[PDB]
Amino acid sequence: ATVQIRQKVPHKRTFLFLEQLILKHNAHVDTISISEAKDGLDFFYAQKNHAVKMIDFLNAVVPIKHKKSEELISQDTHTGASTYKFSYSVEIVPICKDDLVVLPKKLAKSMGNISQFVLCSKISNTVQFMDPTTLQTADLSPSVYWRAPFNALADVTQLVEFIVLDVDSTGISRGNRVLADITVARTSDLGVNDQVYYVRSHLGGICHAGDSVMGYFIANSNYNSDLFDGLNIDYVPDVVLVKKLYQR
Amino acid sequence: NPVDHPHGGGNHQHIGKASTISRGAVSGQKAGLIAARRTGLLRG
Amino acid sequence: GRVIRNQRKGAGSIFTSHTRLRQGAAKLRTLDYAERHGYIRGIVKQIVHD
Amino acid sequence: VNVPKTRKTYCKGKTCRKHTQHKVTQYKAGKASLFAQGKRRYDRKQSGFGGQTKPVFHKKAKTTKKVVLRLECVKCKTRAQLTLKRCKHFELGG
RNA sequence: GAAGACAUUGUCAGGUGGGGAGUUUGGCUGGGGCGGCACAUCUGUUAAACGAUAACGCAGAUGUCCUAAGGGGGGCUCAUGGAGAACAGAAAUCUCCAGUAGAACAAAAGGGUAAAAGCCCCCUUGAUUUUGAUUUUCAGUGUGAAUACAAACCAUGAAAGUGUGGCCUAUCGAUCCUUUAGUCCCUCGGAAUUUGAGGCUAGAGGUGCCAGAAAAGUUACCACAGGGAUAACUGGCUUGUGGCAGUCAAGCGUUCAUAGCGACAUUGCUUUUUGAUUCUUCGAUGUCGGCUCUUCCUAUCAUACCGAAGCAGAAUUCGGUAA
RNA sequence: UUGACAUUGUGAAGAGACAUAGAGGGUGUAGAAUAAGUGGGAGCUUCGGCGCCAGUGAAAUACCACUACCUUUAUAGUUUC
RNA sequence: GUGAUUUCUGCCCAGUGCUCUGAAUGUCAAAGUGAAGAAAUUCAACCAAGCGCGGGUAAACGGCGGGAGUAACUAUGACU
RNA sequence: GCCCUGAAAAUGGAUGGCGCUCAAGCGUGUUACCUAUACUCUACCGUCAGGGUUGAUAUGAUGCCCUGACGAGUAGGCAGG
RNA sequence: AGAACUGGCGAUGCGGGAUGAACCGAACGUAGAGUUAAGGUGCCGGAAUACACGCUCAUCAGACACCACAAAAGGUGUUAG
RNA sequence: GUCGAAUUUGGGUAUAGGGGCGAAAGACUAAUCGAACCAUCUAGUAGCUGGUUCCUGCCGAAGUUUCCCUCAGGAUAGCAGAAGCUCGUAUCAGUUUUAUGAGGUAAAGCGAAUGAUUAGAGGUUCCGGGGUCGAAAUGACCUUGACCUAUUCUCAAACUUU
RNA sequence: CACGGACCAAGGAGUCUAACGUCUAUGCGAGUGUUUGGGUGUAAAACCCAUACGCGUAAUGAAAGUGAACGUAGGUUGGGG
Ligand SMILES: [Zn+2]
């Protein structure tokens with residue numbers, strides 16, 4: 157038997173985390189061969205019972221849509237009990253830790269009436285979402301994703317760095333995170349232009365004026381997503397801050 | 205078997221889904237506990 | 002699908018009440034002047050089983 | 002990609018017919034009126050028991066849009082449309 | 001007696017509604033299913049000295065990037081090595097010699113390129129308009145990309161000249177529908193005005209299953225038309241692996257390479273084993289084992305006769321004919 | 001199942017949104033001080049009223065570029081509960 | 001639903017379901033109201049149930065893993 | 001070069017068989033001989049082509065006459081019957 | 001399993017290879033005579049138990065290419081070198 | 001097996017087809033049931049199977065290109081037939097020669113390239129990416145980083161001048 | 001050793017239609033078509049017929065709309081007769 161892990165994305169952030177974790181826990185003992193692939197890889201085993209062990213290991217740490225198929229090897233006579241080659245298809249959810257997404261209308265209306273403009277926040281057995289404009293966290297299961305799958309609007313590569321100017325933590329707070337009313341500029345318009353963007357981020361407790369952060373700039377983007385085309389373009393943020401590029 | 209009843213069928217004897225039916229359900233669905241505010245034994 | 006025995010209990014035809022041996026409908030007497038004003042006396046002739 | 006807010010380009014006007022200065026700005030579509038013949042027809046067709054009667058497109062593949070620039074002459078106010086390639090990032094270079 | 005212009009009843013509208021109805025649930029394919037996309041395309045190789053030439057054949061690649069990484073002109077020459085200069089080190093900056101490209105040219109590989117197609121600087125928007133002819137895939141249809149001119153307007157340069165995107169080869173899309181730009185053109189058909197609508201000419205929104213259906217499963221209760229174009233048990237071909245044999249025999253076998261056992265390998269046998277093929281059977285070849293019964297093969301377990309042995313006898317081993 | 005219209009007539013009270021003038025509109029240690037954006041703002045005002053520097057400052061004041069957090073009544077009513 | 005009797009029926013309301021005598025505006029159709037317009041029409045506010053939020057519920061569907069630390073060693077079917 | 005051993009498989013059996021040993025075997029060479037719907041000659045049928053003939057006889061040319069070549073055939077096409 | 005060139009079968013009979021869809025020869029109107037192909041001439045079987053120089057005796061010889069199987073290693077068995 | 005009862009049974013009577021009844025097997029519903037029977041729409045459609053009627057003569061193929069929810073099928077081009085039209089030995093040909101061009105395979109020739117080179121002695125820099133946790137103030141972790149010349153040995157062999 | 005066929009007789013399977021394409025024959029010929037209908041009739045036939053209509057004689061364009069001789073109805077190359 158064998159399992160075929162795939163994440164249908166070019167950049168696979170939840171995969172390196174996964175294999176790092178696999179070596180951390182040492183769950184790759186009965187692995188007889190590891191074969192790379194286009195977008196994921198494979199793990200080979202000599203008994204179904206050690207493959208399902210690792211499937212159980214995966215379905216607790218990351219979200220998956222797993223299956224099973226058989227090919228017939230040799231119809232053993234005198235018993236009726238033949239032998240076979242198995243194959244499991246694991247599909248990881250194609251969303252990573254820090255991706256901008258646009259949920260569908262009816263799903264967002266059910267996961268707390270959260271806005272569709274969303275950032276992924278944490279990857280586990282379930283996939284966790286957060287609205288940065290206002291601290292509202294949700295959680296979505298794979299059994300609900302794979303019913304009506306959607307795809308991210310922008311990956312981590314499309315990020316671009318900004319330089320923060322003023323940090324107003326007037327906003328409300330939650331654990332580990334606090335809402336702000338930052339003003340912030342781009343490090344291709346500073347020094348040359350004098351236009352600034354004001355953002356209701358969730359980094360009032362982290363980022364101080366004069367350090368480089370990382371965010372999506374929506375106004376310069378040329379997206380085509382039928383869901384994004386279903387939103388009120390005027391209530392869209394022109395910037396979405398994500399993380400901080402601390403200097404080392 | 206499932207023609208006969210919603211609880212029907214299966215390679216075991218299981219309902220599959222909850223027996224707490226709604227009140228606004230229809231004829232042929234209301235086979236269980238109909239508008240349960242509560243189920244189960246309280247303490248004994 | 003079929004219809005369940007709950008759905009089949011509404012037209013009757015075998016789920017009717019078996020009403021041969023019943024003495025009758027057990028019902029208080031009708032509200033009349035004697036019972037709105039004063040009283041009226043009656044007497045038991047037999048206790049029976051329904 | 003970047004494209005500045007001005008460029009000198011051929012105006013097809015009756016008066017110009019020369020290279021003139023043109024203000025460029027991105028093309029945004031209209032609001033999809035309701036008294037269009039092909040919306041009236043759709044309404045009339047959906048009106049009934051019927052069902053959904055026309056297709057519905059799910060199987061998207063493209064992740065971009067071809068960029069269209071609306072140029073406008075500064076002396077004629079005559080307009081024009083140019084198209085570019087597909088891109089994920091576009092801004093006007095003011 | 002109760003309730004009372006509320007219920008009820010009628011018509012619309014929203015929600016709920018597998019309780020029920022109707023339908024669908026892609027292709028390629030060393031079976032089908034996973035996986036992959038060889039389903040639209042690019043490079044080298046397959047490919048066998050024009051061209052064409054397949055495989056779920058190999059090594060890779062595309063669904064992007066750029067107002068400069070496009071265009072024109074000018075000036076300079078790169079990787080690298082050597083000899084030198086305080087801090088200075090294998091390596092910071094400066095100078096000389098050699099240097100046919102061993103560098104770089106957004107990105108795959110291939111081709112190409114040196115007063116350049118590269119490195120720096122200057123001016124710019126030919127990444128423009130009208131429409132046609134041609135080459136490539138090819139039906140000589142489309143789409144896509146390119147080639148060469150014409151009529152205009154522009155840039156650049158002293159000028160010759162070059163420039164109709166990227167040094168060349170890939171980097172993308174029909175009808176219907178919607179929308180925008182334009183002539184300020186046509187029509188709204190009893191005659192007019194203003195809105196509104198429809199039209200013509202170029203474009204965009206998209207079908208990636210990429211010449212382009214709107215779509216989830218199960219049947220072990222199942223069914224029909226058919227198929228050895230195709231799995232099923234049987235065979236027939238093949239020998240990777242199975243079982244057996246022969247030659248080389250390191251070396252172990254009280255010192256005494258085969259009395260005997262065993263390397264490296266090497267040639268090669270049988271169909272009595274798996275794998276592989278799909279050639280015969282899909283409008284009936286009845287599919288495990290056992291009971292029964294007969295015959296054949298020898299690659300001999302015993303029996304008979306021989307030979308050799310670290311074969312005294314005894315007991316064993318090996319060996320030969322022999323079924 | 002919920003809403004609207006009709007069936008559907010006759011009433012009485014109360015509360016609520018618009019419609020002109022209202023202004024009660026500015027309250028962390030506290031800086032005198034009950035501090036919204038602001039506007040040139042150190043000056044227009046009768047007495048200079050204060051401010052400018054100063055002083056917590058988040059606020060910077062007077063005066064106004066005069067939009068100004070903008071709170072409850074009164075109007076002829078417009079009408080939902 | 002379970003299936004005589006006897007003895008027991010543990011821990012979970014996060015999820016899906018069901019439910020509520022809980023909050024109020026976040027969404028929220030048709031009719032109705034207001035504004036612009038010559039009008040068709042367009043826009044806005046108000047807006048029922050439902051959704052959403054909060055709670056309850058397991059003899060309701062069902063689920064009941066893996067670590068990291070208790071000082072020389074030991075980290076327990078303990079403790080954090 | 002030949003021959004032998006190596007070289008073992010299952011109904012009784014296959015240089016095709018009998019049978020052959022200075023071959024009726026193997027290598028090589030020389031003539032003679034046998035025979036296919038093939039080749040050559042002739043006759044006949046048919047088709048294809050070229051040409052002569054309305055002198056005018058049976059006015060008919062639908063024909064008559066001369067010359068040469070050729071003939072496989074599934075699906076399928078046409079013609080004459 | 002997948003390709004390139006030619007030829008053929010399929011659509012194709014005839015002589016030969018005993019037999020065979022594909023090999024050799026050769027492509028077909030009905031018949032006669034003659035000559036040959038590829039293959040063959042002991043008898044079956046039409047045709048030389050023909051000629052010539054040599055090799056081989058096999059206790060499963062050998063005998064018409066495709067074809068219907070055969071290697072490595074050995075023999076003073078023999079022949080020639 | 002059961003045999004005094006949830007017993008067996010006649011007659012009458014109710015329930016009728018996506019409906020009935022079911023101590024529940026998808027069982028029974030007139031030899032019919034995972035949806036009865038009868039007539040009609042109905043000569044249902046079938047890219048699938050089978051068959052397809054007389055003679056002779058002449059000519060005579062294809063299993064390949066491109067597109068198709070396309071792979072037991074269609075359109076398209078090709079092959080083939082028939083009808084002939086304009087003309088009358090042109091200028092044509094599955095061919096050769098002469099002249100002039102393109103090619104980069106066979107052959108030839110060179111040493112080499114990063115791995116396992118069967119490796120050998122070493123040289124240590126930090127040259128770091130990526131993942132998690134970072135009210136990031138300063139920053140840690142599991143992870144992957146490192147290499148220095150000598151290049152043998154046998155030929156593994158990538159190339160091009162001709 | 002794939003499917004059908006025990007046997008005989010009779011029946012038994014690319015037709016009819018509407019609208020069309022190429023080709024051919026015939027009539028008339030920038031015209032053509034008699035046959036909806038009418039007159040007439042030896043009576044479903046045959047014979048006679050006006051008007052209109054159809055196709056064609058003029059195309060193009062989305063449409064409004066415009067609408068085919070510079071010339072011995074052109075020049076050059078070939079061209080039967
Ligand atoms: Zn202009």
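Residue numbers (the deposited numbering), protein chains in the order written: chain B, 157 to 404; chain A, 205 to 248; chain S, 2 to 51; chain L, 2 to 95. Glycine included, each C-beta is placed from N, C-alpha and C at the ideal position.
Worksheet item: At a CB-CB cut-off below 9 Å, which residues of chain L make contact with B:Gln163?
Response: Residue 163 of chain B sits at position 7 when you count from the first residue of the first sequence. Within 9 Å Cβ-Cβ: nothing; B:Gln163 doesn't reach chain L, min ~17 Å.
Practice prompt. Please state whether DSSP places S:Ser18 in a helix, a strand or coil.
Written response: In the third sequence, counting from the first residue as 1, residue 18 of chain S sits at position 17. It is coil, neither helix nor strand.
Worksheet item: Looking only at its own chain, which residues have a Cβ that is under 8 Å from the Cβ of B:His206, when we skip the five neighbours before and after it?
Response: Stepping through the first sequence from its first residue, residue 206 of chain B is reached at position 50. Result list for B:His206: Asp186, in chain order.
Worksheet item: Hey, is L:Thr26 close to ligand 1, as in C-beta under 8 Å from one of its heavy atoms?
Response: On the fourth sequence, position 25 is the one that residue 26 of chain L refers to. Within 8 Å of the C-beta of L:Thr26 there is not a single heavy atom belonging to ligand 1.
Worksheet item: Do L:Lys13 and L:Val25 have their CB atoms nearer than 9 Å?
Response: The sequence position of residue 13 of chain L within the fourth sequence is 12, counting from 1. The sequence position of residue 25 of chain L within the fourth sequence is 24, counting from 1. No. Outside cutoff.
Item to complete: Mind listing, in chain order, the continuous beta strand (DSSP E) runs of no fewer than 3 residues lying wholly within the segment 186-245 of chain B?
Response: Secondary structure remark: continuous beta strand (DSSP E) runs of at least 3 residues inside the segment 186-245 of chain B, in chain order: 189-192, 196-200 and 225-230.
Practice prompt. Round the Cβ separation of B:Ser245 and B:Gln160 to the nearest angstrom and send it over; I've been treating them as touching at under 8 Å.
Written response: As a working note, residue 245 of chain B is residue 89 in the first sequence. As a working note, residue 160 of chain B is residue 4 in the first sequence. That belief holds up - the Cβ atoms of B:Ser245 and B:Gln160 are roughly 5 Å apart, short of 8 Å.
Worksheet item: Going by the beta-carbon positions, is the gap between B:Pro288 and B:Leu275 smaller than 9 Å?
Response: Position 132 of the first sequence, counted from the first residue, corresponds to residue 288 of chain B. Position 119 of the first sequence, counted from the first residue, corresponds to residue 275 of chain B. Against a cut-off of 9 Å, the Cβ pair of B:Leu275 and B:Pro288 comes out as a contact.
Worksheet item: Do B:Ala294 and B:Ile270 have their C-beta atoms closer together than 9 Å?
Response: On the first sequence, position 138 is the one that residue 294 of chain B refers to. On the first sequence, position 114 is the one that residue 270 of chain B refers to. Taking the C-beta atoms as reference points, B:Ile270 is found nearer than 9 Å to B:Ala294.
Item to complete: With 8 Å as the C-beta to C-beta threshold (strictly closer), list the residues of the segment 60-71 of chain L near chain B in chain order.
Response: Hits within the stretch, in order: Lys61, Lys63, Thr64, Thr65, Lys66 and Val68.
Discussion item. Any contact between the segment 377-391 of chain B and the segment 358-368 of chain B? By contact I mean 3 or more CB pairs, one from each, below 8 Å.
Written reply: No: the two stretches stay apart, fewer than three of their Cβ pairs being nearer than 8 Å.
Worksheet entry | Proximity of L:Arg41 and L:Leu35 at Cβ, strictly below 9 Å | Within the fourth sequence, the letter at position 40 stands for residue 41 of chain L. Within the fourth sequence, the letter at position 34 stands for residue 35 of chain L. In this structure, L:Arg41 lies near L:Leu35, with their beta-carbon atoms less than 9 Å apart.
Discussion item. Since residue 454 of chain B and B:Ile374 should fall inside the 8 Å C-beta cutoff, what is the C-beta to C-beta distance between them, to a whole number of angstroms?
Written reply: Absent from the structure is residue 454 of chain B, since the part of chain B shown begins at 157 and ends at 404.
Discussion item. Does chain A have any CB closer than 9 Å to the CB of S:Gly2?
Written reply: The count along the third sequence starts at 1 and reaches residue 2 of chain S at position 1. Chain A, which has a Cβ nearer than 9 Å to the Cβ of S:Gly2, makes this yes.
Worksheet entry | Cβ-based neighbour list, B:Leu197, same chain, cut-off 7 Å, excluding 5 preceding and 5 following | Counting from 1 along the first sequence, the entry for residue 197 of chain B is found at position 41. Hits under 7 Å: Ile161, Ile190 and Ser191.
Worksheet item: Mind checking if A:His218 is an interface residue toward chain S, Cβ cutoff 9 Å exclusive?
Response: Numbered from its first residue, the second sequence carries residue 218 of chain A at position 14. No, A:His218 does not count as interfacial toward chain S.
Fill in: Straight-line Cα distance separating B:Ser238 from B:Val257
For the purposes of this step, residue 257 of chain B is taken as residue 101 along the first sequence, with counting starting at 1. For the purposes of this step, residue 238 of chain B is taken as residue 82 along the first sequence, with counting starting at 1. Roughly 48 Å separates the two Cα atoms.
Practice prompt. Leaving aside the five residues before and after B:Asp232 along the sequence, list all residues of the same chain whose C-beta is less than 7 Å from its C-beta, in chain order.
Written response: Within the first sequence, residue 232 of chain B is the residue found at index 76, counting from 1. Result list for B:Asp232: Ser238 and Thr239, in chain order.
Worksheet item: What is the rounded straight-line gap between the Cα of A:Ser231 and the Cα of L:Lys86?
Response: Here the question's residue 231 of chain A lines up with position 27 in the second sequence. Here the question's residue 86 of chain L lines up with position 85 in the fourth sequence. If you take the alpha carbons of A:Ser231 and L:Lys86, they lie about 59 Å apart.
Worksheet item: Quick one, which of A:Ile219, A:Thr224, A:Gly236 and A:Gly213 has its alpha-carbon nearest A:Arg242's?
Response: Here residue 242 of chain A is taken as the residue at index 38 of the second sequence, counted from 1. Cα-wise, what sits closest to A:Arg242 is A:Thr224.
Worksheet item: So what does DSSP say about L:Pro5, is it helix, strand or coil?
Response: Here residue 5 of chain L refers to the residue found at position 4 of the fourth sequence. Strand, per DSSP.
Worksheet item: According to the neighbour-count rule (16 or more other Cβ atoms, all chains shown, within 10 Å of its Cβ), is B:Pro250 buried or exposed?
Response: For the purposes of this step, residue 250 of chain B is taken as the residue at position 94 of the first sequence. Counting every other CB atom within 10 Å of its CB across the protein chains shown gives B:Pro250 a total of 16 or more, marking it as buried.
Discussion item. Suppose the cutoff is 8 Å on Cβ atoms and the five residues either side in sequence are ignored; what does the same chain contact list for S:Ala27 look like?
Written reply: For this step, residue 27 of chain S is matched to residue 26 along the third sequence. Only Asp51 meet the Cβ criterion.
Worksheet entry | Residues bridged to B:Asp287 (per DSSP) | Sequence index remark: in the first sequence, residue 287 of chain B carries index 131 (1-based). Answer is B:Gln292, bridged to B:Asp287.
Worksheet item: If contact means a Cβ-Cβ distance below 8 Å, which residues of the segment 291-317 of chain B contact chain L?
Response: For the segment 291-317 of chain B, the set of residues with a beta-carbon nearer than 8 Å to any beta-carbon of chain L comprises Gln314, in chain order.
Item to complete: Please compile the residues from chain L whose C-beta is within a distance smaller than 7 Å of the C-beta of B:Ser377.
Response: Within the first sequence, residue 377 of chain B is the residue found at index 221, counting from 1. Against chain L, the beta carbon of B:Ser377 has neighbours under 7 Å at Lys89 and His90, listed in chain order.
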